[PDB]
Structure formats: structure tokens, C-alpha cells
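Scroll down for the structure; my scribbles are underneath it.
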Amino acid sequence: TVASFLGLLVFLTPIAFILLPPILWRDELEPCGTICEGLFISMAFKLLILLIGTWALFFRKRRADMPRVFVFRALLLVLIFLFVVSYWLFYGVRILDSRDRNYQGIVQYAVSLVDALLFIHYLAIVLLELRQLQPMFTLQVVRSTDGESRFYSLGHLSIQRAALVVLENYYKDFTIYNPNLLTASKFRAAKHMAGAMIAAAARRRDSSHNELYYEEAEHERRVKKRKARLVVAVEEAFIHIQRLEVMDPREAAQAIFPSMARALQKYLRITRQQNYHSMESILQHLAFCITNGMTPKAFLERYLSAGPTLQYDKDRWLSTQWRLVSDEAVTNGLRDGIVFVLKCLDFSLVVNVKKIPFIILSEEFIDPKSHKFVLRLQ
Amino acid sequence: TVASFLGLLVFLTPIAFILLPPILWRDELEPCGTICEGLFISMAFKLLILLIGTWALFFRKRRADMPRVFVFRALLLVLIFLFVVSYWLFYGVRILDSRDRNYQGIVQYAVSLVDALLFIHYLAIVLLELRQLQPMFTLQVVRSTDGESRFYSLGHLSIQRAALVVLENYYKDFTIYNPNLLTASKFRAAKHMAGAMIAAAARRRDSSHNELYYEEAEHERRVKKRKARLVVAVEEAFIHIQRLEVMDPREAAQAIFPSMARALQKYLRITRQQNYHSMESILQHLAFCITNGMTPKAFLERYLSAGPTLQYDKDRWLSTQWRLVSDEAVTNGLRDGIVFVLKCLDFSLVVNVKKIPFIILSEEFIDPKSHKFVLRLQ
Amino acid sequence: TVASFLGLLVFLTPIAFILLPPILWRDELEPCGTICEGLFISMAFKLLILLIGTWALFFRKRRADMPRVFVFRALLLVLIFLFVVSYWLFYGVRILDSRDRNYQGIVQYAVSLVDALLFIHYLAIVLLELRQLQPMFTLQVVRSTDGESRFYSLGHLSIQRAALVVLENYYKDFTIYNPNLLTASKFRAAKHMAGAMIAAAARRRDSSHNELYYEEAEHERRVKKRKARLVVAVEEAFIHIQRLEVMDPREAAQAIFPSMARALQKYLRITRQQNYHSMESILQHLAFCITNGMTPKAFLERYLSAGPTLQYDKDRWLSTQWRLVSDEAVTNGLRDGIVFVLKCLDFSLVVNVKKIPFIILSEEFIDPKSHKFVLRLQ
């Protein structure tokens with residue numbers, strides 16, 4: 001490919017610096033003998049180390065699209081470019097155009113290339129994944145809709161890369177965005193829209209009958225009742241088949257699903273999760289749990305709670321529609337007190353960054369003989 | 001030991017390459033003088049760096065037994081073996097059998113050995129702990145019995161090493177396997193075993209009296225009552241002794257334990273945790289909390305909830321009885337959509353792996369002047 | 001500064017070793033030509049790598065004050081000191097006092113300095129952040145007051161640095177210390193202080209009327225009622241302004257705050273959080289949520305639950321008043337079974353360390369053809 005051809009060029013540059021003097025001026029080489037060959041062996045082993053490490057840490061697909069340029073990868077690519085161009089420039093001007101003797105020094109030049117390219121690989125692992133290992137900052141990530149909030153520690157990242165780690169943790173950690181869980185507050189605010197003084201109106205409101213407390217208690221009671229119906233239905237559904245007419249787990253799932261289908265439908269409607277689980281999805285997860293020997297409760301934990309975003313179908317999450325709002329340049333590093341917002345189509349992740357505080361530890365000595373207790377009351 | 005003797009050989013190989021030419025042919029050395037000694041100093045400092053780093057990252061006990069071979073450690077050991085054997089081969093064939101001059105080049109050969117062995121140490125830290133730093137995958141780990149589920153991010157690991165990290169997080173994160181919390185569903189399914197049409201039977205079931213809702217509400221009420229009794233008992237037990245007859249925390253624990261013992265026994269029976277806490281364990285934790293100045297609630301948090309597996313006795317967890325079920329080779333790396341199962345004696349951890357999605361970020365500019373609000377209703 | 005001047009000296013040491021032979025004895029240099037210049041280029045590129053990596057990982061402020069000396073940073077500074085002093089000593093004794101020829105060897109000496117100083121940078125990243133990447137231990141951190149407990153995995157750290165990571169996770173993860181949530185147990189124990197036999201007294205206590213169960217149920221009911229009042233108040237407060245008299249979010253916050261202020265005050269009093277939120281803090285967070293387009297529930301999640309310590313004001317947490325109690329030297333590494341206590345002014349973090357167990361994995365083969373199921377009951 002494009003980067004693979006440049007990788008082939010940067011890998012064959014020391015090999016070309018070795019091979020060209022015995023080809024272009026074969027009879028002009030000084031007799032090296034031992035030291036040149038013992039340096040070729042070190043060259044080959046260091047190139048093997050470089051190829052294995054480059055495969056291990058950089059033969060992987062691009063993980064994300066960021067708004068501005070990855071500053072550290074641009075720095076590494078500019079450094080590799082100026083590195084290899086300066087070595088080819090010195091090799092063409094001061095070695096090939098002069099047709100040098102002392103081939104041992106040419107092999108030393110190629111081995112210094114391999115050494116400094118290994119240190120470029122080391123600077124790459126320093127910049128790309130070791131600079132943010134030490135947790136310099138904390139990040140409070142809050143959804144703007146339901147208020148679900150988790151805290152994360154991050155090192156020195158840019159606002160781009162911090163937003164990337166926040167979105168990774170969003171798909172892993174936050175429950176999935178459900179707009180149907182949000183409509184009750186919207187209709188309640190619109191019902192207030194249907195109809196000094198602002199403190200007296202609040203006093204008349206707080207003295208009135210709280211419909212919301214009793215409706216939430218009654219809804220929680222209905223959810224517990226539908227949950228108990230669902231648990232009984234899924235237990236008496238799983239008891240209908242045996243691990244051993246012979247059938248595969250898909251047909252066993254289709255066999256036992258009509259004895260749980262109505263209770264699950266009523267539970268997903270009362271918990272407002274019915275848009276998240278098609279019948280095909282439930283049958284695939286049912287055959288999955290029947291295959292792996294999972295209990296009714298282990299099958300049912302997918303449906304009892306909300307669950308994170310990566311449980312669900314790949315279209316229900318949408319990672320290409322993320323927008324990064326920031327008051328400053330997103331290539332700037334994190335610092336104390338900045339706010340950046342990760343906007344999806346309906347919700348947003350409001351992220352404010354706080355510096356992890358300077359902590360002062362001190363010892364104090366507790367004598368283990370000073371742990372004496374008396375039967376007297378305290 | 002076995003690996004320690006090979007470590008002594010790989011550490012003494014550059015030193016032997018240095019020491020053998022002034023011993024075997026002492027009068028044949030060309031006068032090096034400055035450059036050889038300034039290269040010995042660099043050799044000694046790089047060997048000190050190599051010894052300190054090798055102690056820091058590899059002088060540690062083997063952490064786990066895996067089914068197949070650790071592929072990266074086997075690659076590193078084969079690389080070290082071919083490395084050192086090729087250097088001894090070139091040193092015996094082309095240096096010792098020829099009895100070379102230009103000892104400066106021999107010291108350069110030994111320093112190139114020390115350099116490439118430092119880069120072997122670097123390739124070791126690349127392969128063993130840096131390749132999986134960037135979180136390529138997410139892992140949904142579910143117990144097959146109670147359905148408890150947590151999500152974890154992992155990089156490029158094999159299925160072996162991913163299963164190892166999953167088990168680390170199992171002992172840290174999941175509540176302990178309690179088979180007594182699972183018997184109610186089993187007896188309920190056996191009670192259904194005591195006694196078109198499959199949809200009508202489900203309709204008659206869901207219209208019947210849900211015993212399960214009222215039994216769960218009544219059990220939760222009994223657990224709250226026993227919890228309140230236990231809190232009162234442990235508070236009035238801790239008030240009987242004073243931090244200051246003089247006694248150590250073991251005898252103070254034995255003094256105040258009979259005023260809390262029955263309430264704790266009834267709470268551990270109602271929460272089905274009585275097999276997990278012997279009287280010796282409770283007395284040791286009681287003397288522990290009396291020693292460290294912990295409150296009754298801080299003592300009691302060990303017993304109120306289930307708690308993770310590493311709270312409990314070392315025989316109650318059993319890390320040697322883990323079985324890895326996978327449809328493919330466990331030395332293969334993680335990829336999107338694979339399922340592997342970690343089976344203990346009674347339960348299993350069903351782990352399905354999902355690729356963390358390709359995320360596209362973009363900026364959008366919000367003018368901070370565009371945050372103007374009106375008192376008008378919305 | 002102090003460390004910046006020593007950094008300038010260690011950076012200019014190879015440059016000084018290069019520049020001094022053409023200045024002090026200019027006419028005595030042997031003609032190097034190609035190889036010396038091709039080694040200067042490698043020197044300049046490796047010094048650029050060293051400067052970029054040193055900026056990336058070590059140009060950062062000191063994060064914490066520890067009781068005893070950081071052992072690994074002291075080892076690194078002693079190593080750099082003996083390193084650079086030994087190189088200046090050999091350069092003064094055996095190069096400057098002799099006024100050497102073969103300047104190519106002097107450039108090789110300076111390049112070996114730059115190489116071994118890059119490996120010092122590598123040993124620094126090995127000791128300071130790579131030795132603890134592999135999770136050797138688990139840590140149960142419990143507050144002595146309310147018993148809140150979380151488990152953390154750590155590698156080979158000292159007790160100092162483990163305590164530092166524990167405090168990082170304390171400010172991120174534990175809910176904030178609230179002494180007002182603890183006074184009910186203290187007054188209940190003092191009420192027991194107002195008034196064989198120790199088992200009969202416990203039997204008479206556990207048979208009595210449990211005031212605590214009914215008071216906790218009644219308090220939870222009052223908290224749910226005040227929460228419903230607060231949700232209604234904040235929704236009907238946010239509906240009073242529109243995103244668009246024109247006003248900024250501070251004045252919009254001040255406009256809509258008197259219609260929610262009494263319900264929020266009553267909720268913070270019933271949940272004992274009123275010392276944590278001044279009116280200025282609530283108005284700043286209100287203007288913050290009005291700015292970022294957050295819902296009433298997203299505004300309200302700061303106040304509904306306790307929340308971690310870093311949500312609150314910077315004086316409410318106090319990172320300078322931490323005391324480390326340990327039975328051994330805090331520079332010793334973690335091992336299985338040690339207990340260290342992190343004491344704040346009122347509470348303490350009791351941390352006991354357990355070794356993560358030796359896990360034995362094995363394969364077992366499940367035939368995917370062996371997943372056959374029958375319609376027969378099990």
C-alpha cells in the first residue's frame with residue numbers, strides 16, 4: 001500500500017547502503033574481514049528486532065478519525081522523513097559521489113541508521129502510548145439527557161485523544177441512550193406549559209399533591225411485577241428442553257420462546273426497551289444461552305436492566321456521528337478546568353477536566369503495642 | 001536455577017568476549033589505549049542498565065499456567081538463543097580460530113552485543129506489555145449462573161492472555177459464586193416439573209397469582225429487618241470497649257462478639273452467606289477493625305453485601321480449576337465476534353469479544369456569544 | 001532552574017566532547033572526513049530523540065510528596081551522576097591531558113555517551129512506569145467510617161507509590177466523606193450509653209422493637225418525596241428560559257433559581273448535603289448546565305447522590321493532610337498480606353494487599369456438533 005511501500009523503503013535503506021559499495025566499486029573495497037561481518041550480524045539482528053516491534057505496535061488499522069491532525073504521529077512521520085532523506089542525502093553526496101574506501105565505516109554508517117531507527121521506534125512508543133500512562137487529570141463525563149456520569153483518569157493527552165478515550169469508555173460503560181426514558185419529563189414540562197410571584201408559585205407547587213412520587217412508586221411496582229412474571233416464564237421455558245426429536249440450539253430456542261414471549265414483550269414495554277430487541281435478536285441470544293449452558297437469569301440479565309451501548313445492534317450505536325465542541329484548539333493538551341462536549345445526534349457528553357491534586361503524604365508511627373483495649377465503656 | 005544460569009551466561013558473554021583476547025593471545029593485541037577503555041566504560045554502563053531493567057521487569061515469578069505455549073515468550077527465548085549462539089559461533093570461528101589483531105574491533109563487537117541485547121529487552125517489553133496497551137477490543141464477561149456481567153477493554157492479546165486478564169478482573173470485580181443463591185430457581189423449575197397449547201399455558205401462567213413477586217418483596221423486607229437488627233447489635237457491641245483490664249484486639253473482639261453473634265448469624269442465614277464466614281474469620285476481621293479504628297458499619301460492610309471473591313478464604317476461591325473452551329486455537333489473537341468460555345467447577349464465564357468501533361470525530365464551532373437566553377417560555 | 005541546569009549540562013556534555021578537540025588542538029586532528037561527519041549526523045538525530053523523549057516523559061511537575069525517598073528516582077539520579085562524572089573523568093584524564101589524535105574515536109566516544117544516555121532514558125521508563133504495568137497484587141481499600149470499599153489491581157510498587165495510586169482512585173472513585181451521615185450511629189451508641197448476661201441482653205435487644213428499620217424506611221420515603229419535589233421544581237425552572245430581554249447564562253441561572261431554590265434546600269437538608277453546596281456553587285453549576293444544553297435531570301445528578309470527592313470545592317478535599325501508617329518501611333514493595341492505613345483528619349483508608357492468585361488454565365474441547373437439544377423436559 002502507500003504506507004507499506006514507505007515501510008519497505010525504510011527497511012531496505014540500510015540493506016541498500018550495505019549492498020551498493022560491493023556492486024558499484026567492487027575492487028575498491030579495503031579488506032574488512034572479521035569486523036564487517038560481525039557488524040552485519042548485529043545489523044541483521046537489530047533489523048529483525050525492528051521488524052518484529054514494528055509489526056507488534058504499528059501493523060494495525062487506523063482506529064479513529066479525529067478533527068485536526070494527530071500531532072505526535074505527524075511529528076513521527078516528519079521525523080522519519082527528514083531522517084531517511086538526510087541519510088540518503090549524505091550517502092549520495094559524500095559516499096556514492098566520492099566512491100569511498102573503508103567499507104567498515106560504511107557498515108558502521110548503516111548500523112548507526114538501524115540504531116537510530118530503533119530509537120525512532122522507541123520515541124514512537126514514548127509519544128503514542130507512554131506519555132499518557134501516568135494519570136495527570138480526572139474527567140467527569142456527564143450525559144446531557146439523563147445525567148449518567150462516570151469519572152476517568154487520563155494522562156497528558158490532547159483534547160482529541162482524550163475525547164477518543166472518553167468515547168471508548170462511553171460505549172463500554174454508560175447505559176445506552178434511550179429517548180423513550182426521557183419523554184415523561186418532556187410531557188411534564190409541556191403540561192406545565194399548558195398553564196416575588198415566582199417564589200409563591202413554587203410554594204404553591206411544593207405544597208400541592210406530588211403526582212410524581214406516587215407515579216414513580218406505582219411504576220416501580222409494575223416493573224417488579226412484570227419482572228417476576230418474566231423470571232417465572234423464562235425458568236419454565238428453559239425447563240422444557242434437555243441438554244441430551246433432536247434439534248440444534250436455534251430450533252430449541254424457537255421451541256421454548258413462545259412460552260416466554262408475551263412476558264418478555266410486556267416487560268420490554270414497561271421498561272421502554274422494546275425498540276432495542278427484535279425477535280431475531282432475542283432468538284439469537286436465546287440460542288446463545290442455550291448453547292453455553294446459561295441459566296434463565298443469565299439469559300435474562302440482557303433484558304432486565306438497560307445495559308451498555310455495545311450490547312445492542314451495530315446500527316443502534318453510531319460512532320461516525322460524533323461532534324467535538326471545544327472553546328480552544330483540540331490539539332492542545334488537557335489542563336485543569338477545560339470543558340469539551342461530545343455531541344451525538346440527540347444527546348451530548350459534557351466533559352470537564354480537573355487536575356488530580358498535589359498530594360502530600362507523611363508517615364506517622366503507630367506502636368503495635370499501643371493497641372491495648374479495656375472492657376470499660378466508651 | 002535453570003533460567004538464572006542462562007541469564008548468567010548471557011550476561012557474561014560480552015565480558016568473556018572482552019576477557020579472552022588479552023588472555024589467549026596477550027602479546028598480539030594492537031595498542032588501543034584511549035578508545036578501547038572509553039568503550040569499556042560505555043559497555044559497563046549499558047550492562048548495568050540491562051541488569052537493572054532485567055531485574056525490574058523479568059525477575060518475578062511465573063503468574064499463570066496457560067493451555068498452549070506463550071507465543072511471545074517462546075519467540076523471545078528463541079530469539080535470545082539464536083542471538084547468543086550466533087555471536088558465540090562468530091566469536092569462535094572468526095575470532096578465536098584466527099587469533100585476531102585490532103582488539104578495538106573486538107570491543108566494538110562486544111558493545112554491539114550489549115546494544116542489541118538491550119534492544120532485545122526493549123522488544124520484550126514491546127511484545128509482553130506494550131502491544132495490548134491500546135484498547136482494541138471490548139469483552140462482555142457474563143456468569144452463566146446469576147448473569148452478573150461487566151465489560152472490559154483489551155488490546156491485542158491472545159485468547160489465553162485475554163482469559164487471564166478476565167480471570168484477574170473476575171477475582172477483583174464479580175461477587176463470589178454462591179450456589180445457595182441459585183437453588184430457589186432450581187426448586188421452582190422442579191416444581192414446574194412436578195406438573196398452540198404452549199402459548200395458552202403461558203397465558204394461564206401469566207394470569208395466575210405471581211408467588212414470586214410477593215415472596216421476593218417479603219424476603220427483601222426480612223433482609224432489611226435482619227440488617228437493622230445487625231446494625232444495632234454491632235454498634236452496641238463496639239460501644240462496650242474503649243481505645244484506652246487491659247487486653248489486645250483479639251481478646252477485645254472475643255469480648256464484644258457474643259453481643260453481636262446471634263444477629264450476625266441470623267443475617268448470614270437470611271442472606272445465605274453463612275458458609276463463607278466461620279467464627280474464626282469473623283473474630284479475625286473483628287480484631288482487624290478494632291485495631292484500625294473502624295466503625296461498626298465499616299466492620300459490617302464485609303457481611304452486608306456479597307462482596308468479591310478475594311474477600312473470602314483462599315480455599316473458597318480456586319484458581320487452579322479453570323478451563324478454557326474456545327472454538328479456535330487459544331494462541332490466536334482476539335478478533336470481533338469470537339466467544340470463549342472460562343469454566344469453573346459449577347459456573348462459567350461466557351466471554352464474547354467485540355471490536356471497539358471506528359469513531360469519526362469532527363469539530364463544530366459554538367460561538368460563546370450564541371448562549372443568549374430569554375425569559376420567554378419554551 | 002536546579003534540575004534544568006543539570007539537564008543542560010547532561011545535554012551539552014556530548015556536544016562539548018565534540019567541540020573541544022578542534023578548539024584546543026586544532027592542527028593535531030587526523031583527517032576524518034566522511035565517517036566523522038556521518039557519525040555527527042547520527043549523534044544529532046539521537047540527541048533530538050533524547051530531547052523529545054525527555055520533554056515528553058519528564059518535563060512535568062512533581063506530582064506528590066512521599067514520606068521517604070523515591071527509591072527508583074534516587075537510583076536514576078545517582079546513575080546519571082556517576083555516568084556523567086565517569087565520562088568527564090575519562091575525558092579529562094585520558095583525552096584532554098593526553099591531547100589525543102584519531103578524532104573519529106572521540107566522536108565514537110561521544111556517540112556511545114548519547115547511546116547509553118538514551119538507554120538511561122529507557123531504564124527510567126522501565127523503572128518508573130513499566131514495572132507496575134503487570135497487575136501483581138489486588139488492594140482492598142475500605143473507609144473506616146462508612147465502610148465504602150473498592151478493589152484495585154497494582155503491579156510491583158512500593159507502599160508509598162501504591163498509597164499514591166490508592167489516593168488518586170480515592171478522589172476519583174469514593175463518595176466524599178460526609179461526617180453528618182455518620183452522626184446517627186454515634187448518637188445511637190451514646191443512647192445505648194445512656195443505659196452469660198451479655199448474650200441475654202442481646203437476646204432482649206433483638207426481640208425488642210427495631211426502631212432503626214422503621215426510621216430508615218421512613219427516611220427513605222421522605223428522601224424520595226423531596227427528590228420528586230426537586231425534580232418537578234427543576235423541570236419547571238428550566239422551562240422558564242429559552243435558548244433563543246437578552247441575558248447571559250449567569251443571569252438566566254439567577255432568574256430561574258428562585259423557582260427551584262427551596263426544593264433544593266430541603267433536599268440537601270434531608271440528604272445532609274447542605275454543607276457541600278453554597279448558593280454561588282449552585283448558580284455556577286446552573287449556568288454551566290444552561291450553557292451546555294443539559295436537561296433538568298443532568299443538572300440535578302450533582303445533587304441527587306453523594307458523588308465523588310473531586311466534584312466538590314477544592315478546600316472540601318484536602319490532599320496535603322494524608323498520613324501513611326505502615327508496620328514496615330514504606331519503600332518496601334507490596335507483598336501478600338500487608339496492611340497500610342491512609343489516615344485523613346477524620347477518616348482512614350485501611351488497605352490490605354492480596355497477591356493475585358496463580359491461575360492454571362487448560363483447554364477442554366466442546367464439539368459444536370454436541371449442542372443437540374430435544375423437546376423432552378429436563
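Just so we're on the same page: first chain in the C-alpha cells is A, next is B, and so on; residues restart at 1 for each chain, and ligands are numbered from 1 in the order they show up.
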Mind running chain A against chain B at 7 Å and telling me each contacting residue's nearest atom pair with the distance in Å (one decimal), counting only C-alpha atoms, chain and number ascending, as a Markdown table?
```
| residue | atom | partner | partner_atom | distance |
| --- | --- | --- | --- | --- |
| A:34 | CA | B:94 | CA | 6.3 |
| A:35 | CA | B:105 | CA | 6.2 |
| A:38 | CA | B:109 | CA | 6.6 |
| A:42 | CA | B:112 | CA | 6.5 |
| A:46 | CA | B:116 | CA | 6.1 |
| A:49 | CA | B:123 | CA | 6.4 |
| A:53 | CA | B:123 | CA | 6.1 |
| A:56 | CA | B:131 | CA | 6.1 |
| A:57 | CA | B:131 | CA | 5.6 |
| A:63 | CA | B:358 | CA | 5.6 |
| A:64 | CA | B:359 | CA | 4.9 |
| A:65 | CA | B:360 | CA | 4.5 |
| A:66 | CA | B:361 | CA | 4.9 |
| A:67 | CA | B:362 | CA | 4.6 |
| A:172 | CA | B:151 | CA | 6.2 |
| A:224 | CA | B:213 | CA | 6.9 |
| A:225 | CA | B:213 | CA | 5.8 |
| A:228 | CA | B:213 | CA | 5.3 |
| A:229 | CA | B:206 | CA | 6.3 |
| A:235 | CA | B:189 | CA | 6.1 |
| A:236 | CA | B:189 | CA | 6.0 |
| A:239 | CA | B:189 | CA | 6.3 |
| A:258 | CA | B:199 | CA | 5.9 |
| A:259 | CA | B:202 | CA | 5.2 |
| A:293 | CA | B:144 | CA | 6.8 |
| A:294 | CA | B:144 | CA | 4.2 |
| A:295 | CA | B:145 | CA | 5.3 |
| A:297 | CA | B:146 | CA | 5.7 |
| A:298 | CA | B:147 | CA | 3.6 |
| A:301 | CA | B:147 | CA | 5.7 |
| A:319 | CA | B:359 | CA | 4.6 |
| A:320 | CA | B:360 | CA | 4.5 |
| A:321 | CA | B:360 | CA | 6.7 |
| A:322 | CA | B:361 | CA | 5.1 |
| A:323 | CA | B:362 | CA | 4.9 |
| A:324 | CA | B:363 | CA | 4.8 |
| A:325 | CA | B:364 | CA | 5.7 |
| A:371 | CA | B:291 | CA | 6.3 |
| A:372 | CA | B:248 | CA | 5.1 |
| A:373 | CA | B:247 | CA | 5.1 |
| A:374 | CA | B:246 | CA | 4.9 |
| A:375 | CA | B:241 | CA | 5.0 |
| A:376 | CA | B:241 | CA | 5.7 |
| A:377 | CA | B:240 | CA | 4.8 |
| A:378 | CA | B:242 | CA | 4.9 |
```
DSSP on the backbone: which residues in region 101-239 of chain A end up as alpha helix (DSSP H)? Give the answer as a ChimeraX atom specification. /A:103-125,159-173,183-193,197-207,211-238
Between CA of residue 180 (chain B) and CA of residue 313 (chain B), what is the distance in Å, rounded to a tenth?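 About the pair CA of residue 180 (chain B) and CA of residue 313 (chain B): they are 17.5 Å apart.
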DSSP on the backbone, strand (DSSP E) only: what residues of region 97-315 of chain A does that give? Format it as a list in words. residues 137, 138, 139, 140, 141, 142, 143, 149, 150, 151, 152, 153, 154, 246 and 247 of chain A
For CA of residue 14 (chain B) and CA of residue 89 (chain C), quote the distance in Å rounded to one decimal.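 So the answer is 24.0 Å.
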Shell around residue 44 (chain A) at 10 Å using only C-alpha atoms, local window under 4 positions removed, as a ChimeraX atom specification: /A:14-15,39-40,48-50,111,114
Atoms kept (N, CA and C atoms) for selection, written as a compact mmCIF listing (two decimals), in the first residue's frame:
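This is the output file part_31.txt:
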```
# COMPACT_ATOMS: atom_id res chain seq x y z
N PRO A 14 18.99 0.53 4.97
CA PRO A 14 20.30 0.05 5.45
C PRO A 14 20.87 -1.07 4.60
N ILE A 15 19.98 -1.93 4.08
CA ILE A 15 20.39 -3.03 3.21
C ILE A 15 20.95 -2.49 1.90
N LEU A 39 29.68 -7.03 12.28
CA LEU A 39 28.76 -5.90 12.30
C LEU A 39 27.53 -6.15 11.42
N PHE A 40 27.66 -6.96 10.35
CA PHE A 40 26.49 -7.37 9.58
C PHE A 40 25.55 -8.23 10.42
N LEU A 48 15.86 -7.36 12.60
CA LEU A 48 14.82 -8.31 12.98
C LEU A 48 14.02 -7.82 14.18
N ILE A 49 14.71 -7.25 15.18
CA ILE A 49 14.04 -6.64 16.33
C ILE A 49 13.14 -5.49 15.88
N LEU A 50 13.62 -4.66 14.96
CA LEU A 50 12.85 -3.53 14.47
C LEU A 50 11.61 -3.98 13.69
N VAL A 111 24.74 0.64 10.37
CA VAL A 111 24.35 0.18 11.71
C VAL A 111 23.91 1.35 12.59
N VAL A 114 20.39 1.84 11.62
CA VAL A 114 19.49 0.86 12.23
C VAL A 114 19.28 1.17 13.71
```
Near residue 283 (chain B), within 7 Å and counting only C-alpha atoms, which residues show up once chain neighbours fewer than 4 positions away are dropped, as a PDB file with C-alpha atoms, in the first residue's frame?
```pdb
ATOM      1  CA  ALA B 253     -13.025  -8.991  69.740  1.00  0.00           C
ATOM      2  CA  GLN B 254     -13.785 -12.148  71.732  1.00  0.00           C
ATOM      3  CA  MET B 279     -16.410 -17.771  63.672  1.00  0.00           C
ATOM      4  CA  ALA B 287      -9.953  -7.700  65.786  1.00  0.00           C
TER       5      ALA B 287
END
```
Neighbouring residues of residue 158 (chain A) were defined as those with any atom within 12 Å, considering only C-alpha atoms; residues of the same chain fewer than 3 positions away were excluded. Please report them as a PyMOL selection string. chain A and resi 66-72+127-128+131-132+137+154-155+161-165+326+328-335+338+340+353
Neighbours of residue 276 (chain A) within 12 Å (only C-alpha atoms; same-chain residues fewer than 5 positions away dropped), as a list in words?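 That gives residues 176, 177, 178, 179, 180, 265, 268, 269, 271, 281, 282, 302, 303, 306, 307, 308, 309, 310, 311, 312, 313, 314, 315, 316 and 317 of chain A.
Minimum atom-to-atom distance to residue 43 (chain C), evaluated using only C-alpha atoms, belongs to C:107 out of C:107, C:342, C:62, C:30.
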Separation of CA of residue 352 (chain B) from CA of residue 336 (chain B) in Å: 8.6 Å
